[PDB]
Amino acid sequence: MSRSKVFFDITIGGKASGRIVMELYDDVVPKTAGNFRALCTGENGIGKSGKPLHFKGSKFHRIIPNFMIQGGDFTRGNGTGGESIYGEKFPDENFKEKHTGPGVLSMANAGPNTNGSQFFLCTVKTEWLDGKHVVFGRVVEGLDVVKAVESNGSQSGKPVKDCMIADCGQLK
């Protein structure tokens, strides 16, 4: 069945750098896709954390060259935070989709069954994450914008400048 389309407009050090367009796999992982969709639109308002359940304004706090760009921590901004629309953590829905190449959209976590709002966009094939992170979508436009963000990461994960999701939402 159906697939939602969502976007991020990115700034890097405040400079507009383009739009990333993502297709979600609502047909394979509807609960996982649906959480991410709602966090793009902001439609579930204020969460248990007291902060908006919305990626807008948040950053890619962890970026690793030749690996992936990671965001979604809109409560702590640093990898410790994030909150799903379901309330904090939800189980791994399935591992039907794999990490096959750059562009893959997958959930960051802290171990089995700990999905929140943190996610990553792969800049390479990361087969070693298969069966441990739930893949729920892929980039279909703006992979160049993904690369631009990637150039600001470091081996340590720390970005050299703020890569921000200046706007986001759903297209259809």
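The first residue of the sequence shown is number 1, and the count goes up from there.
*Asks:* Which of the two stretches, 38-46 or 22-30, shows the higher mean Cα temperature factor in the record?
*Replies:* Averaging CA B-factors over each stretch, the winner is 22-30.
*Asks:* Looking at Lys125, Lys59, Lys147, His54, which has the biggest Cα B factor in the entry?
*Replies:* By C-alpha B-factor in the record, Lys125 ranks first.
*Asks:* Relative to the other modelled residues of the same chain, rank the CA B-factor of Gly14 and answer lowest, middle or highest third.
*Replies:* Within its chain, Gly14 is a middle-third residue by C-alpha B-factor, going by the deposited values.
*Asks:* Report the third (lowest, middle or highest) to which the CA temperature factor of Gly71 belongs, ranking only the modelled residues of the same chain.
*Replies:* Lowest third, going by the recorded CA B-factors of the chain.
*Asks:* Taking the entry's C-alpha B-factors for this chain, is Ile63 in the lowest, middle or highest third?
*Replies:* It falls in the bottom third of the chain.
*Asks:* Divide the modelled residues of the chain into thirds by Cα B-factor and specify which third, lowest, middle or highest, holds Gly111.
*Replies:* According to the entry, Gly111 has a C-alpha B-factor in the chain's highest third.
*Asks:* Can you work out whether the C-alpha temperature factor of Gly137 puts it in the lowest, middle or highest third of the chain?
*Replies:* Lowest third - that is where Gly137 ends up once the chain's C-alpha B-factors are sorted.
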